[PDB]
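Trainee: Residue numbers (the entry's author numbering), protein chains in the order written: chain Q, 2 to 123; chain J, 2 to 147; chain L, 4 to 98; chain 3, 2 to 63; chain E, 57 to 215; chain Z, 2 to 60; chain R, 5 to 102.
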Amino acid sequence: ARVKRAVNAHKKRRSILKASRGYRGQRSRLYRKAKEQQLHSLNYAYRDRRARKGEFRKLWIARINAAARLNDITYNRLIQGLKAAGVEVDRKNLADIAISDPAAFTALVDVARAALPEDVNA
Amino acid sequence: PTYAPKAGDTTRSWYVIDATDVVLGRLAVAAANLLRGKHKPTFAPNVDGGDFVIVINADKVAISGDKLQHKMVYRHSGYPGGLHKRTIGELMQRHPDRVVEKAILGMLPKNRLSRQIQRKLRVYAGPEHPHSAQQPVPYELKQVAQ
Amino acid sequence: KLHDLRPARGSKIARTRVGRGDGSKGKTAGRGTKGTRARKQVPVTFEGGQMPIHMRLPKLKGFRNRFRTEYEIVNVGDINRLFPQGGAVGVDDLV
Amino acid sequence: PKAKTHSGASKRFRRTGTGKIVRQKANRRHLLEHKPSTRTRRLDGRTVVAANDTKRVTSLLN
Amino acid sequence: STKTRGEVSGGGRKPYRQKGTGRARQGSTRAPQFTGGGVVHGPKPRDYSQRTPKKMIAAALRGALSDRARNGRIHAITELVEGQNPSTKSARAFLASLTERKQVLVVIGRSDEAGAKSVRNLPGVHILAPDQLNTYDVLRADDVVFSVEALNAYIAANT
Amino acid sequence: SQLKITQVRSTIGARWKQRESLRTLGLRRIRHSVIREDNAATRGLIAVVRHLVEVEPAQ
Amino acid sequence: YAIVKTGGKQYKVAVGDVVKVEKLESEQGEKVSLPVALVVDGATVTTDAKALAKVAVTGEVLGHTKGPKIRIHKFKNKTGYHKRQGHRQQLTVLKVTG
RNA sequence: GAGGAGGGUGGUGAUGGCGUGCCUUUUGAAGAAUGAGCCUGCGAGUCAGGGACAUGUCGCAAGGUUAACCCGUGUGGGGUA
RNA sequence: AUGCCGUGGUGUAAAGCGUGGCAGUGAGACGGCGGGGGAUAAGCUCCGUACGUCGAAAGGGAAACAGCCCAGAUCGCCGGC
RNA sequence: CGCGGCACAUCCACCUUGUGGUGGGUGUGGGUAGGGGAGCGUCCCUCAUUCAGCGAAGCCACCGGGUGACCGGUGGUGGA
């Protein structure tokens, strides 16, 4: 039974080239190039899911650091205070209350100050 | 999600740094942090918050004397040879603001936002800056804590 | 009926079509090299060049007697368990 | 269409009463003068083939 | 059946000498990668029925008939006729009243009265003979309408 | 009487003896503190894998 | 507003605010109580851990939606290795009433 | 429904960071190694043999089994070499 | 010193051995230590090493980076160490 | 590590105490050559049932779904 392998192939072809729209070049157009790019796009998106976990953490850290240094304390000592005080907030919500509430963040900074030991010995 | 960077959401203040006796590295780092806008918590690497920074008295900004005569500023012209070596000594008795501006631009990131940001830094040799139209508030440098 | 007919689960095994995409058995189908085996098949005789185990051992001693009087045996104990009574048997009765 | 038994290896191999193939331990044919008797009662008999020569020998026997 | 190379017409010429063209070394206009060229591993005129055993075949058959008798779907009959002139009127009547199902087997035998001559043209109703009785047909068929001669000689030959 | 052992380093560049020793101690992942009883062979193992484990004697 | 702690992550919600939280064991209707890390009244913030074990955020599980179709297609190189698998993270929607 | 506030998909995407195409072959390729300008159709592990081996499943049972052939028309019944 | 063989005890999940089906592989690279040939050379060549890694392993560090160090990715998270 | 969602292997308490399934505990889930297992989609023949000039296939577009191959819905085209 000679099969005429068109339909079977056009399935995945239309797959790739609908998940490939919006590509500058011969990539939304042609199929093999859309496939080369699909492999690269999905490794990029895979790497960027992890990468973005880490990157948002680094951004939040930059922000908490900026609000801390607005309160004359460094990010290191801020974290060591929010640890020793124990307020189990995390850098994400800590940065949110940093943005919207300078008041709540400065309460947090005074919390951290009140929970620093004495010195650079211990 | 953030709430900090959006349309017309960022604030534009001004700063005057008197580069009176300060050293070049601290000065440039301070101006760069003000210029990018990391002194701000409402920060993002995509947007341009940050303050217009003015650096005055940049004529007398401290460099090691043993560096005013050794550290050189090369700038190649594409043409063979054409490497235009130049120390910061003659470069200072010609354009100290160019020295300072060079250091600052070097401490910024390397992107297009770097350009949009550095268009905010003015630097002048004498004490007299012309951008007094605003209320340029003096920001002086202060190591913090820890 | 026929709309209620299935083999025993255990038979009717999936054929392995090999050169069908690098997800099942992909390119080389099992001969995964550029060697000799990757295009053809080396026999069971050829051993590299050193005399194979069927050339260095000696032909087995002795001949085959053309007139080998081959019989067929029947077990006297199993001729008991063939005939419990018995009394009368004979080659035709065995066959 | 009808499989050939490899002749030369059926004239040298012997399927016993069960699944054993017995080769002939016979570097014992040409020069038996220096060879001590020990090394001939070492080379007089029919040795069950080892594992590392079986899977092929049987396909020579078929 | 399809023409593998060596059956394809022509193509015993190597066009395009090996080197110096810029093309691919081809070897025959009938290479399977060409058009019109041969088929590879193609369908050839196979003749494939499996050689099953006598016991398996007969046992399958009598299992299917066992099913039919287990439901009460076997309908042994004397003759499926009006008696001598093959008429499908009364024969359809007596089958679609004898069966009430859709598919019917009718094991008449090598006698034509109105059996294997008159109940044809009835869809669902296939006619067999007491010895070419088989598995696929008793299964395909819902009712298994016999003819007492067919049934009795069938029993008598199977014992 | 007791030891509370914890892998603190992986076992990639760890030679065979060290890796089988972390099997036979019972250490799967990194922050994975197992407890080891009476110390005659257990201290032998806790010598064979010193860079990989940490011992703070549990009660 | 309180920094509810749920699913190994933490969220910042005041009363009446929807949250895409993890697959809490629940149905629609029946409420559910979630711990906090830090609850705030503007200038009265709560920080002391034993003062927070009392404060319980509570909200009505509803919706039990799914996440979005996260298409994985691992593909190394000349290695010749593809592994395509997707993922709908099961979620739930939440309201906050504390 | 207007200028719209909250909101949702869909174009596009200023801007930031991350990031060295596919294949074959290689100790090693993004490779300045091979091959491909692109799209659509065609192109590669098949089948024959009461074959050899091993195994999964199924008949019957110290048995199993028929080959050619004879009767029949569904591949059914005989056929004991 | 090590390593090797045995036994004795404790621990450990498939690890072992026997017998089959199916393979592949038999161009290895660098790195640590031990040595040969080199010249007290090589990104050299050839060996040893229950040594490692790449091969065939991604992520972090090394500016960039097959072999170096941390670490072995089942998927998701705008969470922590 | 936390929290969710798949998968595999051994193990018990089980249902029918080996087939196959409930609960759990533990371990595990990079991968090339290669090995095993399970599967998607194309087309042809049978049995069962079913949709179709009120609109079949094919095609195109959108909206959905499956862990993957891929699947369904809807509209446009078409006219078996």
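Here a beta-carbon is modelled for each residue, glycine too, at the ideal position from N, C-alpha and C.
Between the stretch 105 to 122 of chain Q and the stretch 9 to 17 of chain J, do at least 3 Cβ pairs fall closer than 8 Å?
Mentor: Because the criterion of three Cβ pairs below 8 Å is not met, the stretch 105 to 122 of chain Q and the stretch 9 to 17 of chain J do not touch.
Trainee: Taking residue 134 (chain E) and residue 95 (chain E) to be in contact with their CB atoms under 8 Å, please state how far apart those CB atoms are, rounded to whole angstroms.
Mentor: Contact doesn't hold; Cβ gap of about 57 Å is too wide.
Trainee: Taking all protein chains shown into account, decide if residue 9 (chain R) is buried (16 or more other Cβ within 10 angstroms of its Cβ) or exposed.
Mentor: By the neighbour-count rule (16 or more Cβ atoms within 10 Å), residue 9 (chain R) is buried.
Trainee: My understanding is that residue 23 (chain Z) touches residue 56 (chain Z), with C-beta atoms under 8 Å, so please give their C-beta distance in whole angstroms.
Mentor: Incorrect: roughly 13 Å between the Cβ atoms, too far for contact.
Trainee: Do residue 19 (chain R) and residue 102 (chain R) count as a contact pair if the criterion is CB distance below 8 Å?
Mentor: In contact: residue 102 (chain R) and residue 19 (chain R) (Cβ atoms closer than 8 Å).
Trainee: Cβ of residue 124 (chain Q) within 8 Å of Cβ of residue 64 (chain Q)?
Mentor: Outside the displayed range of chain Q (2 to 123) lies residue 124 (chain Q), so it cannot be described from this structure.
Trainee: Quick one: which chain J residues come within Cβ less than 8 Å of residue 63 (chain Q)?
Mentor: Under the 8 Å cutoff, chain J gives 39, 44.
Trainee: Within 8 Å of any Cβ in chain L, is that where the Cβ of residue 84 (chain R) sits?
Mentor: Taking Cβ atoms only, chain L reaches closer than 8 Å to residue 84 (chain R), which makes this a yes.
Trainee: Can you list, in chain order, the residues of the stretch 84 to 107 of chain Q whose Cβ is nearer than 8 Å to any Cβ on chain R?
Mentor: Within the stretch 84 to 107 of chain Q, the qualifying residues are 86, 87, 88, 89, 90, 91, 93, 94, 97, 98, 102, 104, 105.
Trainee: Residues of chain R with CB under 9 Å from residue 29 (chain L), in chain order?
Mentor: Chain R residues near residue 29 (chain L): 84.
Trainee: Could you give the distance in angstroms between the alpha-carbon of residue 100 (chain Z) and the alpha-carbon of residue 67 (chain Q)?
Mentor: The first residue shown for chain Z is 2 and the last is 60, placing residue 100 (chain Z) beyond what the model contains.
Trainee: Could you please give me the residues that DSSP links to residue 61 (chain Q) through a beta bridge?
Mentor: Partner(s): none; residue 61 (chain Q) has no beta bridge.
Trainee: Counting beta carbon pairs with one atom in the stretch 78 to 98 of chain L and one in the stretch 35 to 47 of chain 3, are three or more of them shorter than 8 Å?
Mentor: Judged by Cβ distances under 8 Å, the stretch 35 to 47 of chain 3 makes no contact with the stretch 78 to 98 of chain L, as fewer than three pairs qualify.
Trainee: What residues match up with residue 15 (chain R) in a beta bridge as DSSP calls it?
Mentor: In DSSP, residue 15 (chain R) forms a bridge with 8 (chain R).
Trainee: By a C-beta neighbour count over all protein chains shown, 10 Å radius and 16 as the cutoff for buried, is residue 29 (chain J) buried or exposed?
Mentor: So residue 29 (chain J) ends up on the buried side.
Trainee: Return the residue from the list 119 (chain J), 10 (chain J), 19 (chain J) that minimises the CA-CA distance to residue 130 (chain J).
Mentor: Looking at the Cα atoms, 19 (chain J) is the closest of the given residues.
Trainee: Use the C-beta contact count for residue 49 (chain L): other C-beta atoms within 10 angstroms, 16 or more gives buried, fewer gives exposed.
Mentor: Classification of residue 49 (chain L): exposed, given that the 10 Å Cβ count is below 16.
Trainee: Using Cβ-Cβ distances below 7 Å, what residues of the stretch 48 to 77 of chain Q are close to chain J?
Mentor: Correct list: 63, 64, 67, 68, 70, 71, 73, 74, 75, 77.
Trainee: Mark residue 94 (chain Q) as exposed unless 16 or more other C-beta atoms lie within 10 angstroms of its C-beta, in which case mark it buried.
Mentor: Per the 10 Å Cβ criterion, buried.
Trainee: Is the CB of residue 54 (chain 3) under 8 Å away from at least one CB in chain L?
Mentor: With 8 Å as the cut-off, residue 54 (chain 3) counts as an interface residue toward chain L.
Trainee: Nearest to residue 98 (chain L) by CA position, among 76 (chain L), 36 (chain L), 69 (chain L), 7 (chain L), is which residue?
Mentor: Nearest C-alpha to residue 98 (chain L): 76 (chain L).
Trainee: Excluding five sequence neighbours on each side, which residues of the same chain lie with their C-beta closer than 8 Å to the C-beta of residue 88 (chain J)?
Mentor: Only 69, 70, 71, 72, 73, 74 meet the Cβ criterion.
Trainee: Along the alpha helix (DSSP H) that carries residue 107 (chain Q), what are the first and last residues, could you check?
Mentor: Its alpha helix (DSSP H) spans residues 103 to 115.
Trainee: Residues of chain 3 with a CB under 8 Å from the CB of residue 76 (chain L): which are they?
Mentor: What residue 76 (chain L) touches in chain 3: nothing, since even the nearest Cβ is about 14 Å away.
Trainee: Relative to chain R, which residues along the stretch 52 to 72 of chain L have a C-beta separation below 9 Å, given in chain order?
Mentor: If the cut-off is 9 Å between Cβ atoms, the stretch 52 to 72 of chain L has nothing near chain R.
Trainee: In the DSSP assignment, the alpha helix (DSSP H) including residue 210 (chain E) goes from what residue to what residue?
Mentor: Residue 210 (chain E) -> alpha helix (DSSP H) spans 204 to 214.
Trainee: Taking all protein chains shown into account, do 16 or more other C-beta atoms lie within 10 angstroms of the C-beta of residue 211 (chain E), making it buried, or fewer, making it exposed?
Mentor: Label assigned to residue 211 (chain E): exposed.
Trainee: Please state the DSSP three-state secondary structure of residue 88 (chain J).
Mentor: Here residue 88 (chain J) sits in strand by DSSP.
Trainee: For residue 70 (chain 3), count neighbouring Cβ atoms within 10 angstroms of its own Cβ and tell me buried if that reaches 16, exposed if not.
Mentor: This structure does not reach residue 70 (chain 3), given that chain 3 is present from 2 up to 63, and the question cannot be answered.
Trainee: Determine the direct distance from the alpha carbon of residue 102 (chain E) to that of residue 202 (chain E), and round the result to whole angstroms.
Mentor: Roughly 37 Å between the two C-alpha positions.
Trainee: Identify each residue in the stretch 38 to 50 of chain R for which the Cβ-Cβ distance to at least one residue of chain Q is less than 8 Å, and report them in chain order.
Mentor: Going along the stretch 38 to 50 of chain R in chain order, one finds 41, 42, 44, 46, 47, 49 with a Cβ nearer than 8 Å to chain Q.
Trainee: Along the chain, where does the alpha helix (DSSP H) that runs through residue 102 (chain J) open and close?
Mentor: Start and end: 97 to 108.
Trainee: With a cut-off of 8 Å, does the C-beta of residue 47 (chain L) fall near any C-beta of chain 3?
Mentor: Residue 47 (chain L) counts as touching chain 3.
Trainee: To which residues of the same chain is residue 162 (chain J) closer than 8 Å at the C-beta, ignoring the five residues directly before and after it?
Mentor: Outside the shown range of chain J, which is 2 to 147, sits residue 162 (chain J), and nothing can be said about it.
Trainee: Secondary structure at residue 104 (chain R), three-state DSSP: helix, strand or coil?
Mentor: Shown here, chain R extends from 5 to 102; a query on residue 104 (chain R) therefore has no answer.
Trainee: For residue 79 (chain Q), go through chain R and note every residue whose CB falls closer than 7 Å to its CB, in chain order.
Mentor: What residue 79 (chain Q) touches in chain R: nothing, since even the nearest Cβ is about 14 Å away.
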